[PDB]
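Each remark here refers to the structure printed beneath this line.
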Amino acid sequence: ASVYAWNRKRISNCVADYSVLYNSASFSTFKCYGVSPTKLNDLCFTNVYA
Amino acid sequence: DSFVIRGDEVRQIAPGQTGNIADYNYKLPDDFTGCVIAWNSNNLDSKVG
Amino acid sequence: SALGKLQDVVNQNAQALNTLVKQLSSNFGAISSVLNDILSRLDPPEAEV
């Protein structure tokens, strides 16, 4: 979508393995602010919007 | 400590960084003291084939 | 209210203890007031901060 009308995709009732994101080298920038990237596989969330 | 990497991966050469070469090839200590060096070397470390 | 001085001593001591205990629930400008959450959420260079 466009940035002025950015799509909000809810993520819930799933098991997320962030390793497939971390092991992907196609990303030019990989940066987290309030959480460690390698600890993401050990935490439980909700309200996830992409 | 000398090594040759890609252009975008030089930002990973810092204490407590996440990355591909950072976690599998070369990791810096959190209390690292010193300097890092980087310069473009495409004219020597590249070939047509 | 005849025993007000001893009751005042007891109340001040208990109230100071309770305020000290309640101060553990303040994050003091951090992300959380629970150390376990900070340890299990962040990398060490920011966990130290």
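Chains as they are written, first to last, in the deposited numbering: chain C, 348 to 397; chain B, 398 to 446; chain A, 943 to 991. By construction, the Cβ of each residue, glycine as well, lies at the ideal position given by its N, Cα and C atoms.
Q) Is the CB of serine 383 of chain C under 9 angstroms away from at least one CB in chain A? A) Locating residue 383 of chain C in the first sequence gives position 36, counting from the first residue. With 9 angstroms as the cut-off, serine 383 of chain C counts as an interface residue toward chain A.
Q: Could you tell me how far apart the beta carbons of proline 987 of chain A and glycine 416 of chain B are, in whole angstroms, since I believe they sit closer than 8 angstroms?
A: As a position in the third sequence, residue 987 of chain A is number 45, starting the count at 1. As a position in the second sequence, residue 416 of chain B is number 19, starting the count at 1. Not quite, the Cβ-Cβ distance comes to about 14 angstroms (not below 8 angstroms), so this is no contact.
**Q.** Endpoints, alpha helix (DSSP H) assigned at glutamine 957 of chain A
**A.** As a working note, residue 957 of chain A is residue 15 in the third sequence. If you look at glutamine 957 of chain A, you'll find it in the alpha helix (DSSP H) that goes 946 to 964.
Q. Is the CB-CB distance between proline 384 of chain C and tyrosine 396 of chain C below 9 angstroms?
A. Position 37 of the first sequence, counted from the start, is the residue given in the question as residue 384 of chain C. Position 49 of the first sequence, counted from the start, is the residue given in the question as residue 396 of chain C. Going by C-beta atoms, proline 384 of chain C is not nearer than 9 angstroms to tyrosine 396 of chain C.
**Q.** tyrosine 396 of chain C - partner residues in DSSP beta bridges
**A.** Taking the first residue of the first sequence as position 1, residue 396 of chain C is located at position 49. Its beta-bridge partners are C:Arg357.
Q.
Tell me whether the stretch 429 to 436 of chain B and the stretch 950 to 960 of chain A touch, counting them as touching only if at least three CB pairs, one residue from each stretch, are closer than 8 angstroms.
A. No, they do not touch.
Q: Note down the Cα distance separating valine 367 of chain C from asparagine 978 of chain A, rounded to an integer number of angstroms.
A: Counting from 1 along the first sequence, the entry for residue 367 of chain C is found at position 20. Counting from 1 along the third sequence, the entry for residue 978 of chain A is found at position 36. Taking the straight line from one Cα to the other gives about 26 angstroms.
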